[PDB]
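Remarks on the structure that follows.
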Amino acid sequence: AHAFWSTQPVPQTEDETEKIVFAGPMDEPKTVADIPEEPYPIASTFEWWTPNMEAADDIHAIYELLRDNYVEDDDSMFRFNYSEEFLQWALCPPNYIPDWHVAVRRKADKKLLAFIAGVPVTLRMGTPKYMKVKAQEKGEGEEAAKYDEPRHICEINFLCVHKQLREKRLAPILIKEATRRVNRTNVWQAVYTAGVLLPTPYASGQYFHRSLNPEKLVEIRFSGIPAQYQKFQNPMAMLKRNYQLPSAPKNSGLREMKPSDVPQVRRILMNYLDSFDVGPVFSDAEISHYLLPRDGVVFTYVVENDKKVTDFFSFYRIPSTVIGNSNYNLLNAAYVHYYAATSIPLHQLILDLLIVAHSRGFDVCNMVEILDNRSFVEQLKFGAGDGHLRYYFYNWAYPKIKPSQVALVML
Ligand SMILES: CCCCCCCCCCCCCC(=O)SCCNC(=O)CCNC(=O)[C@H](O)C(C)(C)COP(=O)(O)OP(=O)(O)OC[C@H]1O[C@@H](n2cnc3c(N)ncnc32)[C@H](O)[C@@H]1OP(=O)(O)O
Ligand SMILES: CNCc1cc(-c2ccccc2)nn1C
Numbered sequence: 011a012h013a014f015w016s017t018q019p020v021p022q023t024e025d026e027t028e029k030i031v032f033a034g035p036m037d038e039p040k041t042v043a044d045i046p047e048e049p050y051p052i053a054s055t056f057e058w059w060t061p062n063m064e065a066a067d068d069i070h071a072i073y074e075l076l077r078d079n080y081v082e083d084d085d086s087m088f089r090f091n092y093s094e095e096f097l098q099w100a101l102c103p104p105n106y107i108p109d110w111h112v113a114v115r116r117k118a119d120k121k122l123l124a125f126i127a128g129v130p131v132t133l134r135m136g137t138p139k140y141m142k143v144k145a146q147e148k149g150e151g152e153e154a155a156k157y158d159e160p161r162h163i164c165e166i167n168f169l170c171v172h173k174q175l176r177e178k179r180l181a182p183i184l185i186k187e188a189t190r191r192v193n194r195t196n197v198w199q200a201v202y203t204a205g206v207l208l209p210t211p212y213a214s215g216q217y218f219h220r221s222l223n224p225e226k227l228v229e230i231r232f233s234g235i236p237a238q239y240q241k242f243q244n245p246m247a248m249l250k251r252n253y254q255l256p257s258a259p260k261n262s263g264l265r266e267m268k269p270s271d272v273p274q275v276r277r278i279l280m281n282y283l284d285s286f287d288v289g290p291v292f293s294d295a296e297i298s299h300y301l302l303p304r305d306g307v308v309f310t311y312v313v314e315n316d317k318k319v320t321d322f323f324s325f326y327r328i329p330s331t332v333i334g335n336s337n338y339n340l341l342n343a344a345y346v347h348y349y350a351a352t353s354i355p356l357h358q359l360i361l362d363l364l365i366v367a368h369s370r371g372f373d374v375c376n377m378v379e380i381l382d383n384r385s386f387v388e389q390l391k392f393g394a395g396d397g398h399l400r401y402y403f404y405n406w407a408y409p410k411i412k413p414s415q416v417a418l419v420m421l
């Protein structure tokens with residue numbers, strides 16, 4: 011009972027994905043020549059729009075659609091409020107393709123109704139290690155290695171239909187058109203994540219949260235006071251004590267990342283990431299873009315001892331609209347980004363991320379159990395959340411992998 015997804019080059023059931031042995035495409039080979047020159051048809055009262063992401067008002071129109079219409083919980087307590095500066099950062103990495111940003115406007119008054127974005131990413135997506143072992147056992151080694159080389163693909167994000175236009179089958183149309191525009195650039199795979207179950211994920215991970223401002227979080231009902239705190243005279247005071255953090259970082263020689271750090275950071279990030287089955291490949295220009303501090307958006311610190319960069323961590327800001335509470339309008343969240351540690355334990359490095367995030371006024375720290383995120387959950391007092399992030403490929407058969415074999419952070 012998937013009227014759109016049953017027509018698409020993706021695995022259809024869990025049953026199917028459990029059979030998948032090698033990495034490779036699902037669909038027949040095509041060329042740009044085969045792909046329609048003309049945009050996908052839509053009703054006369056609508057039009058396709060390619061927004062200019064370097065133009066303030068275009069960014070602003072995207073910003074407003076998402077502020078009022080993007081991801082919210084079922085209870086309508088919190089909705090994502092990605093800033094305009096964030097969207098510019100996310101949608102314009104080095105060598106991005108303007109045409110990959112796809113919008114629907116109604117022809118009359120140019121009111122924004124729908125959006126999807128695609129950005130290029132170089133991604134390793136060859137057969138995972140545990141299946142490459144099985145391939146060596148069966149003498150099927152060449153088939154498994156076929157697609158080992160890093161692939162220049164599309165990363166899809168920010169799919170959004172206006173609340174007044176939900177359940178009108180407009181989302182398939184958006185995906186079709188995005189797929190068209192990407193295929194026209196000779197790109198045949200995409201990667202995307204979603205908090206919902208679609209057919210069919212290659213990886214799934216729980217969310218984890220670390221309270222930095224427990225009193226605000228309880229007030230806005232993001233989290234509750236655990237039942238066991240009731241056996242105390244002052245439950246909230248104990249909760250504040252529990253999550254309290256040092257005012258300053260502990261690691262001597264921690265500082266913000268500068269441009270000269272680019273090659274050192276790239277090197278240690280790539281060494282670390284290459285040990286995961288699925289993970290991005292970053293050039294110098296992409297390390298600069300994604301990791302250099304930008305106020306209100308992305309925050310990156312390095313550990314520098316005796317003039318050498320040995321560790322770094324990064325995190326990014328996504329605030330959420332506090333829909334129901336009157337005293338607060340925003341939930342200020344910090345999301346664990348990329349990192350690498352070579353001189354110290356990971357929990358020691360990430361502690362400073364929590365320290366820094368706290369001193370900057372962040373209410374909470376979020377992450378999915380990808381990378382080695384599980385290694386510091388207990389000691390830094392993260393708790394599992396209710397959501398799961400699922401990871402998906404478009405037009406790529408991939409075996410099931412654990413979330414700790416995923417090295418791609420998605421914004
Ligand atoms: C080569 C390059 C290829 C590029 C493309 C790669 C594919 C990338 C795919 C996009 C990656 C997105 C990554 C993110 O950004 S994840 C975030 C998605 N956005 C939100 O959750 C924001 C709030 N919601 C909305 O704006 C709408 O409810 C959306 C737009 C989500 C659906 O609109 P609406 O509620 O008006 O429904 P409809 O009648 O138009 O259409 C119903 C069809 O849509 C399927 N549906 C529902 N939710 C999702 C979802 N999150 N991903 C993919 N499909 C989804 C559903 O199964 C059904 O198909 P089928 O079951 O009948 O077959
Ligand atoms: C990776 N991008 C941020 C995000 C997170 C979620 C989400 C939604 C519901 C449950 C868990 C995660 N959706 N989106 C779009």
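Here the sequence shown is numbered in the entry's author numbering, starting from 11 and rising by one per residue.
Quick reminder that beta carbons are idealized off the backbone N, C-alpha and C, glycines included.
Residue j beta carbon less than 8 Å from that of residue i
| i | j | result |
| --- | --- | --- |
| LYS142 | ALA127 | no |
| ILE328 | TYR345 | yes |
| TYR402 | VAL201 | yes |
| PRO35 | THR132 | no |
| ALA343 | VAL378 | no |
| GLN389 | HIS368 | no |
| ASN79 | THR331 | no |
| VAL288 | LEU418 | yes |
| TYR212 | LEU399 | no |
| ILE278 | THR352 | yes |
| residue 441 | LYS117 | Absent from the structure is residue 441, since the part of the chain shown begins at 11 and ends at 421. |
Residue from the options with nearest C-alpha to residue i
| i | options | result |
| --- | --- | --- |
| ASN196 | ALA351, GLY263, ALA188 | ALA188 |
| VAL228 | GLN243, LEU208, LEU249, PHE242 | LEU249 |
| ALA33 | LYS317, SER214, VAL42, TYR157 | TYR157 |
| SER221 | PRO211, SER214, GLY215, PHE232 | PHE232 |
| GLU74 | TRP99, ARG277, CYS170 | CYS170 |
| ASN223 | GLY234, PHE96, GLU82 | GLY234 |
| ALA350 | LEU301, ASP305, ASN105, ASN337 | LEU301 |
| residue 10 | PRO51, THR137, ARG304, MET63 | Summary: the structure shown does not reach residue 10, with the chain confined to residues 11 through 421, and so no result is reported for it. |
| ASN335 | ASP85, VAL42, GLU296, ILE183 | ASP85 |
Opposing strand residues paired with residue i [DSSP bridges]
| i | result |
| --- | --- |
| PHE218 | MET377, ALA394 |
| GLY34 | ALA407 |
| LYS318 | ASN315 |
| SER324 | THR310 |
| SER330 | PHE90, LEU341 |
| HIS162 | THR132 |
| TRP59 | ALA113 |
| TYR402 | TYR202 |
| residue 6 | The structure shown does not extend to residue 6, since the chain spans only 11 to 421, so no value can be given for it. |
| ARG176 | Note: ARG176 sits in no beta bridge, so no partner. |
Alpha-carbon spacing of residue i relative to residue j, whole angstroms
| i | j | result |
| --- | --- | --- |
| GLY395 | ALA204 | 15 Å |
| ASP44 | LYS186 | 15 Å |
| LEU381 | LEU421 | 15 Å |
| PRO273 | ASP109 | 31 Å |
| residue 486 | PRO245 | The requested residue 486 is not part of the displayed model; the chain covers only 11 to 421. |
| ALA145 | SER285 | 19 Å |
| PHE292 | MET280 | 7 Å |
| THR27 | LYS410 | 7 Å |
| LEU363 | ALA258 | 11 Å |
| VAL192 | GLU165 | 10 Å |
| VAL114 | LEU359 | 44 Å |
| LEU101 | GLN238 | 45 Å |
| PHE372 | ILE365 | 10 Å |
| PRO209 | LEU255 | 42 Å |
| residue 438 | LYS40 | Past the edges of the chain, shown from 11 to 421, lies residue 438, and the structure says nothing about it. |
| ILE163 | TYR408 | 15 Å |
| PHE96 | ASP119 | 27 Å |
| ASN383 | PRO46 | 43 Å |
Check: residue i C-beta below 7 Å from any heavy atom of ligand 3
| i | result |
| --- | --- |
| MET63 | This structure lacks ligand 3; the ligands present are ligand 1 and ligand 2. |
Tell me, please, whether the segment 112 to 124 touches the segment 170 to 188 by the rule of three or more beta-carbon pairs shorter than 8 Å. yes
Do the segment 304 to 321 and the segment 259 to 270 meet, that is, are 3 or more Cβ pairs less than 8 Å apart? yes
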